[PDB]
Amino acid sequence: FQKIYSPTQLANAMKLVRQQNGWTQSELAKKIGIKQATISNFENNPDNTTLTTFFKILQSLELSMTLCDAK
Amino acid sequence: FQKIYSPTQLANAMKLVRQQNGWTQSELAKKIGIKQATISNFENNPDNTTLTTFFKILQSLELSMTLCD
Amino acid sequence: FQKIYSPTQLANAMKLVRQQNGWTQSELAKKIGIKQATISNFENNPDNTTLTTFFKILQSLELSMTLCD
Amino acid sequence: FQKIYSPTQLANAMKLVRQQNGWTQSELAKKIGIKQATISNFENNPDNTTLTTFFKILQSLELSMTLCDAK
DNA sequence: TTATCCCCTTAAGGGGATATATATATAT
DNA sequence: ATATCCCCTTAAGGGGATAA
DNA sequence: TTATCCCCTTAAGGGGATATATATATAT
DNA sequence: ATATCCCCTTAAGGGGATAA
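Structure representation (C-alpha cells):
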C-alpha cells in the first residue's frame with residue numbers, strides 16, 4: 004500500500020477500506036466498543052483524533068500499521 | 004520495522020529511534036514547531052496524544068508510516 | 004585491640020584506624036613532622052619501614068603499644 | 004606489662020626479656036634465621052631498625068605486641 | 001657472649017612534584 | 001586525598017669474622 | 001447509514017518555568 | 001537533557017439521539 008504523512012491522508016485511507024468492505028461505521032464502532040459517532044469524527048476531522056481511538060479504528064478494520072523510511 | 008498494534012507500542016518504537024539517532028526531545032521540538040513537554044508527554048503516555056503531533060514527530064524523526072494486512 | 008604478629012598486619016590495623024577516625028595521610032603527616040608518601044609507603048609495604056616512623060604514627064594516631072605473652 | 008612510646012624504649016624492653024630468660028643473642032638470631040649481629044644492631048641502636056627485623060626478634064622472644072590507648 | 005668494623009645491594013625517607021583514584025559540584 | 005616517581009644521602013642487614 | 005448538534009469531564013498542547021535525572025568536569 | 005507542574009483555551013469522545 005501507500006505510505007502516509009498527515010492526519011487526513013490517513014483517515015482518507017481508512018474510509019476507502021471501510022467502504023470497500025461495506026462495513027457500516029455504526030457496526031465498526033460497535034465491535035471496538037465505541038460510538039459510530041467518534042468514527043465519523045475521525046473520518047471527517049482527523050487532526051484532533053486521539054491515538055487509542057485511531058488504533059481502535061485500525062483493529063476494527065482488521066488492519067495494522069508500520070513505520071518506515073521517509074523516502 | 005515491526006508490526007505496531009497500539010499507542011504505548013508506537014511510542015516505545017518511536018522513542019527507541021529518538022535515542023538511537025542520538026536525538027533528544029528538545030532538538031526535535033524546535034525543528035518541527037512544538038513544545039518539548041509534548042514529546043515527552045507522548046513517549047510515556049501516548050494514548051491521548053493527537054494525530055497532528057504523531058506526525059510532526061514522524062517528519063522530525065523523518066520516517067514514514069504505511070499500513071499492512 | 005587484637006594480637007599483631009607482623010608488619011603488613013600492624014599496617015592493616017594502623018591504616019584501619021586512620022580512616023575510622025576520619026584522618027588522612029596528609030593531615031597526620033604535617034602533624035608529626037614527616038612526608039605523606041612515607042605513611043602511604045608504610046601502609047601498603049610496611050616491612051622495611053623504620054621504627055622511628057612507626058612511632059611518629061602511633062603518637063599522631065595517638066595510640067599506645069604494649070606487649071603481651 | 005608497660006606500654007611503649009619510642010624506638011629505644013622498646014629495644015630496652017626486649018633486652019630485659021632476653022637476659023631474663025638467658026638466651027644468647029647468637030641463639031635468638033639462629034632461630035629466626037638472622038645474624039646475631041642484627042640483633043645487636045637492634046639492641047644498641049633501634050631507631051634505624053626495620054619492622055620485619057623487629058617482628059622476627061619478637062617471635063624469637065616468644066612475645067607479641069598489641070596496640071592500645073595513648074592514655 | 002656481644003659491641004663493632006669490612007664489603008656489597010636494596011631501599012627508606014626527605015626535597016620537589018604529579019597522574020589516578022575517591023568522593024562531590026555542575027553543566028545541558 | 002592515595003599511590004607513585006626522580007634524585008640523593010644515609011643506614012640496614014646478610015656475607016663472613018675479629019677485639020673485648 | 002452517516003454528517004452534525006447538546007450536555008458533561010478529562011486532558012492535551014502552548015505559554016512560562018523548574019527540580020531530578022543522565023552523563024561529564026573538578027575540586028582536595 | 002526527562003519528566004513534571006501551573007493556568008488557560010480548546011476539542012475529544014461517551015451519554016443519548018435527531019435532520020439528511
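Residue numbers (the authors' numbering), protein chains in the order written: chain B, 4 to 74; chain A, 4 to 72; chain A', 4 to 72; chain B', 4 to 74. A prime marks a further copy of an entry chain. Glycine is no exception: its CB is placed at the ideal position from the N, C-alpha and C atoms.
May I ask which residues mark the beginning and end of the alpha helix (DSSP H) holding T41 (chain A)? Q39 to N47
Alpha helix (DSSP H) containing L19 (chain A'): first to last residue? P10 to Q23
Considering only residues of the same chain and omitting the five flanking positions on each side of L13 (chain B'), which have a CB-CB separation below 7 Å? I7 and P49
Can you find a CB in chain A' that lies within less than 7 Å of the CB of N51 (chain B')? yes
Nearest to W26 (chain A) by CA position, among A:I60, A:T69 and A:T55, is which residue? A:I60
CA-to-CA distance, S67 (chain A') to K33 (chain A'), given in whole angstroms: 20 Å
Residue range of the beta strand (DSSP E) that includes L70 (chain B'): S67 to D72
Any beta carbon of chain B sitting closer than 7 Å to that of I7 (chain A)? yes
For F4 (chain A), count neighbouring Cβ atoms within 10 angstroms of its own Cβ and tell me buried if that reaches 16, exposed if not. exposed
Here's the rule I'm using: 16 or more other beta-carbon atoms within 10 Å means buried, otherwise exposed. How should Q28 (chain B) be labelled? buried
By Cβ distance below 7 Å, which residues in the same chain neighbour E46 (chain A) in space, the five residues on each side in sequence not counted? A14 and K18
Excluding the 5 residues flanking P10 (chain B') on each side, which residues of the same chain have their C-beta closer than 6 Å to its C-beta? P49 and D50
Buried versus exposed, by CB contacts within 10 Å (16 or more), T56 (chain A): buried
If you follow the alpha helix (DSSP H) that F57 (chain A) is in, where does it begin and where does it stop? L54 to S63
Taking the C-alpha atoms as reference points, what is the distance between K38 (chain B') and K74 (chain B')? 36 Å
Extent of the continuous alpha helix (DSSP H) to which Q28 (chain B') belongs: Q28 to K34
By how many angstroms is the C-alpha of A16 (chain A') removed from the C-alpha of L64 (chain B')? 22 Å
The segment 14-30 of chain A': which residues have C-beta closer than 7 Å to a C-beta of chain B', in chain order? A16
Kindly list, in the order they appear in chain A, the residues whose Cβ is closer than 9 Å to that of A73 (chain B). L61, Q62, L64, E65, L66 and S67
Three-state secondary structure (DSSP) of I7 (chain B): coil
By the criterion of Cβ-Cβ separation under 7 Å, what are the contact partners of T55 (chain A') in chain B'? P10 and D50
Using a 10 Å radius around the Cβ and a threshold of 16 neighbouring Cβ atoms, would you call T69 (chain A') buried or exposed? exposed
Assuming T41 (chain B') and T52 (chain A') form a contact by the criterion Cβ under 8 Å, report the distance between their Cβ atoms to the nearest whole angstrom. Between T52 (chain A') and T41 (chain B') the Cβ distance is about 16 Å, and since that is not below 8 Å, they are no contact.
Would you report the Cα separation of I35 (chain A) and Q23 (chain A'), rounded to the nearest angstrom? 57 Å
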